[PDB]
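In: Following this: a sequence and the matching experimental structure.
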Amino acid sequence: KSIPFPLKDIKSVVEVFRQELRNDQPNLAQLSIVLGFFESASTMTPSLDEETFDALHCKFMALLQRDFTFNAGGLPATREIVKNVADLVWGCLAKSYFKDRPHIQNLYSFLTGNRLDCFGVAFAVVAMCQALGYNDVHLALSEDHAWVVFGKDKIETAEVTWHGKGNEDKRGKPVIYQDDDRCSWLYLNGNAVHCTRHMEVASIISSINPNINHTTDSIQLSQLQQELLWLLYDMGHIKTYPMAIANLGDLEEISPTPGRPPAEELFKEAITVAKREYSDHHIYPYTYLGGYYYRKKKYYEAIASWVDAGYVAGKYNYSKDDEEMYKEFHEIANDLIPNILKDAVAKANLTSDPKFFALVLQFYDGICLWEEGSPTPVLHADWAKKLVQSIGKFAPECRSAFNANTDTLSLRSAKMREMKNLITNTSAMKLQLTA
């Protein structure tokens, strides 16, 4: 019992994390309860007393003591045990809440209101396995999904949570790389983040949500998250975790910490990590950096980064499962690129520059590759409209220069290669883009 209750300031919370992170087995349940308490109170002085903390711990342990026994011999977990723990979690959830509500990612929400989001479920399963002494059970994270790995002599995998509307129940099933027609972004072609216990602590810090409303975040909770991410960073626990590094980049962009690297270098670090450890199969590190450049009005840099993102997306085969990445690219294509071009046309630059025009086409090239052979299309009539409007904002001599240079042969998708040849009208281009 080392926690000085009541916990009623950021410094005290960081100190609980500091102490637990020193250990081989940071207490996942305890840490999620504490963070969740503060997130709920801050996004509605928050003070967590000993009575409340003990009641939540009691309740968590009582849920497990019902049908599980501790792994006294240190055996590896089995598929049956993992599925059974997922079944417990799922069985405790309330039936009538919206699964994509914010602030329901942690064990506080689970224990006080029987609500968890899909990431929360997967974390819960791992935290319960830890409590039971199955320390082979770990979280695996893609960019928009989570599952578990377990076993000692043979590493095995199991689905434990839902994705999207959860119409398909996969509890206990292997994550296997097959479905050979289709390589899904959700599973990163095998380049998921496999967490140590310290990285599982990082996942709950990284998933802190300071949003109160669309225009207001909790400064206190943002400060807590930024401080905790620096702690993880400094002690080496997010060296292989791109989204945790990128989320820190986002925090530093908004509130730079004296003596720390610039946000831009943190974004580049997350990219370097992705390239080095994850076969350059992650998309978000490129869209985080692209977004940064966009907000800094560094438009050459922004589009180059979005092109990197598109060509990563092009490593995959699109499905409706990919809706979060769809939304990101939809905004880039339909809002942000047009914004850049409107600003540039607003001054008379990049609208006469074949190198810039090339990069715009390469962005759509990567999206086109992503969609190749998919039953469901990505580029609908609205994306087509916007692409043809965008192309129209470039100089005629700029476009024809693009056709006469090396960058012409660089396009890889059948759709964009067929498109460039409609250059020397709008209706034929629009039709081609949605074929």
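Out: All right, it came through fine. Numbers count the residues shown, from 1 in each chain.
In: What is the neighbour count of the residue lying closest to residue 313 once chain neighbours are set aside?
Out: With sequence-adjacent residues excluded and distances taken as CB to CB, 6 or more residues apart in numbering, residue 313 is closest to residue 370, at 4.3 Å. Just so you know, the C-beta spots here come from the backbone N, C-alpha and C atoms, and that holds for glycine as well. Other residues lying near residue 370 total 26 when counted by other CB atoms under 10 Å.
In: check contacts around residue 370.
Out: Going by CB atoms under 8 Å, 6 or more residues apart in numbering, residue 370 touches 310, 313-314, 316-318, 378.
In: again with residue 339
Out: Neighbours of residue 339 in contact, by CB under 8 Å, 6+ apart: none.
In: Can you verify it is assigned to a strand?
Out: No: applying DSSP: H, G, I helix; E, B strand; the rest coil, one finds residue 339 to be helix, outside a strand.
In: Quick check: the residue nearest to residue 313 vs residue 177, distance?
Out: 19 Å (CB to CB, to the nearest Å).
In: go on, residue 380?
Out: Residue 380 is 30 Å from residue 177, by CB to CB.
In: Can you give me the buried ones in stretch 5-21?
Out: 6-7, 10, 12-14, 16-17, 20-21 (16 or more other CB atoms under 10 Å).
In: For residue 49, which non-adjacent residue is spatially closest?
Out: residue 6 (4.6 Å).
In: Backbone dihedrals for residue 90, please?
Out: With angles defined as degrees, to the nearest 10, residue 90 sits at phi -60, psi -40.
In: ok, it - how many residues close by?
Out: Residue 90 has 18 neighbouring residues, counting by other CB under 10 Å.
In: Surely it touches residue 122?
Out: No: using CB atoms under 8 Å as the test, residue 90 is too far from residue 122 to be in contact (11.3 Å).
In: related to what we said a few turns ago, within the helices and strands, which one has the residue nearest to residue 313?
Out: Using DSSP states H and E, residue 370 maps to helix 354-371.
In: Now do that helix: distance to the chain's middle.
Out: 23 Å (CA atoms, centre = their mean, to the nearest Å).
In: Only the buried residues of the helix or strand following it, if you could.
Out: Next helix or strand after helix 354-371 toward the C-terminus (DSSP H and E): helix 381-392. By neighbour count with 16+ other CB under 10 Å, helix 381-392 contains the buried residues 383-388, 390-391.
In: that older thread, I'd like the distance from the residue nearest to residue 49 to residue 55, if you could.
Out: Taking CB to CB, one finds residue 6 at 14 Å from residue 55.
In: Likewise for residue 302?
Out: From residue 302 to residue 55 the distance is 49 Å (CB to CB).
In: Compare the two and say which one has the larger neighbour count.
Out: Between residue 302 and residue 55, residue 302 has the larger neighbour count (other CB under 10 Å), namely 23 against 13.
In: Please list all residues in contact with that one.
Out: Residues in contact with residue 302 (CB under 8 Å, 6+ apart) are 290-291, 293-294, 336, 340.
In: what about 7 Å?
Out: Applying CB atoms under 7 Å, 6 or more residues apart in numbering, we find residue 302 in contact with 290, 293-294.
In: Restrict the helix or strand residue 56 falls within to CA atoms and write it as PDB.
Out: Assigned by DSSP H and E, residue 56 belongs to helix 50-65. Extracted in PDB, the C-alpha atoms of helix 50-65 (Å, rounded to 0.1, in the frame of the first residue of the first chain):
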ATOM      1  CA  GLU A  50      -8.900   5.500  -0.500                       C
ATOM      2  CA  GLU A  51     -12.500   4.200   0.100                       C
ATOM      3  CA  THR A  52     -13.500   4.800  -3.600                       C
ATOM      4  CA  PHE A  53     -10.200   3.300  -4.900                       C
ATOM      5  CA  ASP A  54     -10.600   0.200  -2.700                       C
ATOM      6  CA  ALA A  55     -14.200  -0.400  -3.600                       C
ATOM      7  CA  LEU A  56     -13.400  -0.400  -7.400                       C
ATOM      8  CA  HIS A  57     -10.400  -2.800  -6.800                       C
ATOM      9  CA  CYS A  58     -12.700  -5.000  -4.700                       C
ATOM     10  CA  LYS A  59     -15.400  -5.000  -7.400                       C
ATOM     11  CA  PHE A  60     -12.800  -5.800 -10.200                       C
ATOM     12  CA  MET A  61     -11.300  -8.700  -8.200                       C
ATOM     13  CA  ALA A  62     -14.800 -10.000  -7.200                       C
ATOM     14  CA  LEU A  63     -15.700 -10.300 -10.900                       C
ATOM     15  CA  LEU A  64     -12.700 -12.600 -11.500                       C
ATOM     16  CA  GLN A  65     -12.900 -14.600  -8.100                       C
END
